[PDB]
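This report refers to the structure that appears directly beneath it.
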Amino acid sequence: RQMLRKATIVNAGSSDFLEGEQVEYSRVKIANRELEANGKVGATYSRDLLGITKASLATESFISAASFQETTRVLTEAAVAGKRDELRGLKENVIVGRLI
Amino acid sequence: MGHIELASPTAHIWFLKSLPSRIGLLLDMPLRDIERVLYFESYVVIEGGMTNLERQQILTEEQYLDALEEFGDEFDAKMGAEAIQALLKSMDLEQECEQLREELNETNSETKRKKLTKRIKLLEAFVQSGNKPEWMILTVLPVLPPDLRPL
Amino acid sequence: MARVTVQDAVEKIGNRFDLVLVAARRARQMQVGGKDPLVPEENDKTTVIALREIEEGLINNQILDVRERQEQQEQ
Amino acid sequence: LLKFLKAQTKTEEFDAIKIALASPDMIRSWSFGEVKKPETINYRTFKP
Amino acid sequence: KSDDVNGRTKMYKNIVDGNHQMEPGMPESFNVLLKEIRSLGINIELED
Amino acid sequence: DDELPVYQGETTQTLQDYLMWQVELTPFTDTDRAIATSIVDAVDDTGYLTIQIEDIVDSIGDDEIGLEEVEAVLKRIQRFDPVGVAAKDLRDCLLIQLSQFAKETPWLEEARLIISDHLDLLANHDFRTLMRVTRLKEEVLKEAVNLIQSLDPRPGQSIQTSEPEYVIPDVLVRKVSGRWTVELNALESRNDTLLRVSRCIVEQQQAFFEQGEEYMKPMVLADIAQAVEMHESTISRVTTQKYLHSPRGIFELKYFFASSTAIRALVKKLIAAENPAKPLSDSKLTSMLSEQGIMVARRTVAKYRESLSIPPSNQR
DNA sequence: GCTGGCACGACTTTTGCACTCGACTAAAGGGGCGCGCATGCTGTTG
DNA sequence: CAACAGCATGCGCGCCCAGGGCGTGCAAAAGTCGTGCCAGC
């Protein structure tokens, strides 16, 4: 189940054209798009297989996965992009020192 | 904390040599290009108005000096990292994004359909982000607090 | 009255993770102050007192809520 | 005039640690003043 | 019980007094990390 | 970095650290904890000195908060681990250390309160007239004074100075024919050559000052600056950093570059027979120095003999 | 009237300050491995 | 003779301790020894 995260988007209308997106966010944005009066906003996606180290490093929270493997790389993607952690998983909470 | 003021802004090797190179792929240059021309070696034609060398490109520095004498005109080339700062300073993501979109339509190769998307998702990240690209090569270097460097 | 097994107090409130919250919120009262035990003390620590009162059905989330509203209304 | 609390100044409750590039200006916002000399501690005085 | 300094003290003082309550804070070593990443030209700050 | 024993630290505890630890654990109010934290920093590695009281009170910036509040709190702080802590003047130190004798000590409680509370200023020399003041006689008072002399002073039990701060020497002076010969025992290369030249200047100092003679023959930095033609400040810096080592009287040699030192040796000789007169006579010694040709006239050369914790003046 | 401490003076000690590049001849190490990603040269499709 | 797709070589991840080991003038300013003056006993 955790290798099946990260789908790939065939069609437009949801922005995000032709690249690796969360399946969660895509199903949420398409759900909200079908909830809206416009049904063409939905797009077809294709799920991807990842492969468990790829799938760790690709986690939304830049704090985990930084501390998994590759720290230089991680922090450079994150510094240039300007991403926020949100603290939503268990390793982040540990490292900040808060409950899990 | 602390800080130290640098004469000639350099390095920040954290970017650039962490593959892939954001400075390389941001400016559409190979990392042997910019890596080669950071210190010493080429003069990295920057702006290059009224210059025989392409506004963007490199050249043999001895050949470039001979070329400038042959040209009879002076081209604002920068051999140090200031040309990457200048080039890097003159780069606009929105202008690059419009060029990239035209290039993606122009490209007939899927290989060319990947790189381009990398540059869209990168430069776009700098736009929505609000970081200036200039910042990558650094001028003021911050120094680490004393007690966590004990003696 | 040492408790080897909590199951009896877990049937009272599902998901032990809940039990631990309620147990300790009830035990805190007797521990720090401003409460006395609903059950005869067997010399045991306050934690076991609390789990016993949960196993007896005298204390639970709803009961502690009603006691909180009663103490806030009486004050 | 006193009742001086170092412990109480940071209770700071946050979410989402944020990250980005550091401009030379923001560097100088962190800066306590500049270190102009390489040497560390005088070997006589035993003071920095 | 490792790197929270104010919280280790409060902890032990409450234990001596029979409180058994935590008052958790933020562990040192995180603070350190934030300085060490600030030492490259990256800011990482904690946003509320 | 980590996974190794980098010299991260030890976090040892001094006396002020420990006193503050002791304050953390005692039933002080919000304010009283501020007065306590205000006093424990005032304390010194020596114990006794809590410095000025009224600056402790005034440091808080009025707004009420009388003297009595800092006084009580102060007493309780004075009562923490190392028995007598802080207080002031040593008198109250010995009264707090004497506060707990268990009260089952024979003859000691009363007598000790009289001697220690008041009149202790005259107990310095000996008993004498004090024996007539308290009406005590024989060994009754002497045993109490044995207890008072058995007390010790303040703290300096916490200490936390395991570091002796050794010398490590630098250059060894192998003693030759009633003198000294250098051997140097124990860019960066340029700095090493400069250190070797400093050792050579110390060897020149061997030629500059007689070893066998009392103290050291008077020399000027212009001699060492004459030999190798080096600047004065540079030579004084080499001798200031490194410390010369000799079999007898080894020293950084910074004081080695017979002047006042000979007078100090003469003062030491005068001190040996100076025991007979407590007041001492450096001015008379100065007259003797003038007769000897020194021409001292109640000068600081005599005053130095009359200073340096000499019996002179202090006995007077 | 004598001794001790301190103030004033002289001396003799302390301190200013740094650039070239200096270099210099070796000093050695040294039996995993996967995995992947990118750059580059080749090769075949029209 | 054109661009496009593939094969290959190189470089950087991992694992993991591992042990420590460490001169060259001259010149302006200041620290200190000497000498004298003033105050305490």
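Every chain in the structure tokens takes a letter, A first, then B, and so on in the order presented; its residues are numbered from 1, and the ligands are numbered from 1 following the presented order.
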Practice prompt. Please provide the set of residues having any atom within 12 Å of region 27-41 of chain A, restricted to only C-alpha atoms (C1' of nucleotides), with same-chain residues fewer than 4 positions apart removed, written as a list in words.
Written response: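 Answer for this query is residues 5, 6, 7, 8, 9, 11, 12, 13, 14, 15, 16, 21, 22, 23, 45, 46 and 47 of chain A.
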Worksheet item: Within 10 Å of residue 23 (chain H), counting only C-alpha atoms (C1' of nucleotides), which residues qualify if same-chain residues fewer than 3 places away don't, as a list in words?
Response: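 Here the answer would be residues 194, 228, 229, 230 and 231 of chain F.
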Would you save the residues from that selection as a compact mmCIF listing (two decimals), in the first residue's frame, using N, CA, C and O atoms?
```
# COMPACT_ATOMS: atom_id res chain seq x y z
N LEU F 194 61.31 30.81 15.14
CA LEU F 194 61.22 31.97 16.07
C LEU F 194 61.28 31.47 17.51
O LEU F 194 61.95 32.12 18.33
N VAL F 228 70.42 39.29 18.59
CA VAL F 228 69.85 38.82 17.32
C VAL F 228 69.23 39.97 16.51
O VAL F 228 68.82 39.79 15.36
N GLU F 229 69.21 41.17 17.09
CA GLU F 229 68.63 42.36 16.44
C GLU F 229 67.11 42.30 16.31
O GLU F 229 66.51 42.96 15.47
N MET F 230 66.49 41.49 17.16
CA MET F 230 65.04 41.41 17.20
C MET F 230 64.36 42.51 18.00
O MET F 230 64.98 43.09 18.86
N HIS F 231 63.11 42.80 17.66
CA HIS F 231 62.32 43.81 18.38
C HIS F 231 62.01 43.36 19.80
O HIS F 231 61.88 42.15 20.06
```
Discussion item. Quick check for you: according to DSSP on this backbone, which residues of chain A are classed as helix (DSSP H, G or I)? Reply as a ChimeraX atom specification.
Written reply: /A:23-35,54-57,71-81,90-96
Could you make a table, as a Markdown table, of the residues of chain E that have an atom within 12 Å of an atom of chain B, each with its nearest atom pair and distance in Å to one decimal, counting only C-alpha atoms, in chain and number order?
```
| residue | atom | partner | partner_atom | distance |
| --- | --- | --- | --- | --- |
| E:28 | CA | B:148 | CA | 11.1 |
| E:29 | CA | B:148 | CA | 10.4 |
| E:31 | CA | B:148 | CA | 10.6 |
| E:32 | CA | B:148 | CA | 7.6 |
| E:33 | CA | B:148 | CA | 10.1 |
| E:34 | CA | B:144 | CA | 10.6 |
| E:35 | CA | B:144 | CA | 6.8 |
| E:36 | CA | B:144 | CA | 6.8 |
| E:37 | CA | B:144 | CA | 9.4 |
| E:38 | CA | B:142 | CA | 7.5 |
| E:39 | CA | B:144 | CA | 5.6 |
| E:40 | CA | B:142 | CA | 7.4 |
| E:41 | CA | B:138 | CA | 7.5 |
| E:42 | CA | B:136 | CA | 9.7 |
| E:43 | CA | B:142 | CA | 11.0 |
```
Discussion item. Set the distance at 8 Å and use only C-alpha atoms (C1' of nucleotides): which residues neighbour residue 45 (chain B) once local chain neighbours fewer than 5 positions away are removed? I'd like the list as a list in words.
Written reply: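 Here the answer would be residues 53, 54, 55, 56, 57, 58, 59, 75, 76, 77, 78 and 83 of chain B.
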Written selection (C-alpha atoms) as a PDB file, in the first residue's frame:
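Okay, this is what ended up in out04.pdb:
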```
ATOM      1  CA  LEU B  53      31.268  35.526 -28.286  1.00  0.00           C
ATOM      2  CA  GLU B  54      27.555  34.550 -27.948  1.00  0.00           C
ATOM      3  CA  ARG B  55      25.930  36.669 -25.172  1.00  0.00           C
ATOM      4  CA  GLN B  56      25.711  33.243 -23.435  1.00  0.00           C
ATOM      5  CA  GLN B  57      28.568  30.665 -23.848  1.00  0.00           C
ATOM      6  CA  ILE B  58      32.211  30.250 -22.820  1.00  0.00           C
ATOM      7  CA  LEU B  59      35.560  30.617 -24.530  1.00  0.00           C
ATOM      8  CA  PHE B  75      32.864  42.787 -23.850  1.00  0.00           C
ATOM      9  CA  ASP B  76      31.841  42.787 -20.143  1.00  0.00           C
ATOM     10  CA  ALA B  77      32.932  39.161 -19.506  1.00  0.00           C
ATOM     11  CA  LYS B  78      33.376  37.936 -15.874  1.00  0.00           C
ATOM     12  CA  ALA B  83      29.430  36.091 -14.001  1.00  0.00           C
TER      13      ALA B  83
END
```
